[PDB]
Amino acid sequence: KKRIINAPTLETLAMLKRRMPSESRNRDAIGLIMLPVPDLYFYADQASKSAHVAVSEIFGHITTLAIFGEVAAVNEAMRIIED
């Protein structure tokens, strides 16, 4: 399903970074949502067109998208994805 982490720890960020591509990693709330891969890139492209949030895949098919940004924005994004 979907989940939002408000005010994540440094340790939480470290865990996520280990599970992201170097390109993304090198670049607050975090929204985590499980999506099939077409949806994943569709919704990530959305965010790249949107300021104020950053996106990345999380590894582990149906995979995980992580949305990093400000509390309002992250919530807005998770809402948009539910439609």
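Note that residue numbering follows the sequence shown and begins at 1.
Student: Quick one: classify how much of the deposited chain lacks coordinates between residue 49 and residue 50, choosing none, 1 to 3, 4 to 9, or 10 or more.
Tutor: Gap size class: none, per the record.
Student: What third of the chain, by the recorded C-alpha B-factor, contains residue 5?
Tutor: Within its chain, residue 5 is a middle-third residue by C-alpha B-factor, going by the deposited values.
Student: Place residue 54 in the lowest, middle or highest third of its chain's C-alpha B-factors, as listed in the PDB entry.
Tutor: For residue 54, the deposited C-alpha B-factor lands in the middle third.
Student: For the chain shown, is the CA B-factor of residue 73 in the lowest, middle or highest third of its modelled residues?
Tutor: Its C-alpha B-factor, which the entry lists for residue 73, ranks in the highest third among residues of this chain.
Student: Ordered by C-alpha B-factor within the chain, which third holds residue 66? Give me lowest, middle or highest, please.
Tutor: For residue 66, the deposited C-alpha B-factor lands in the lowest third.
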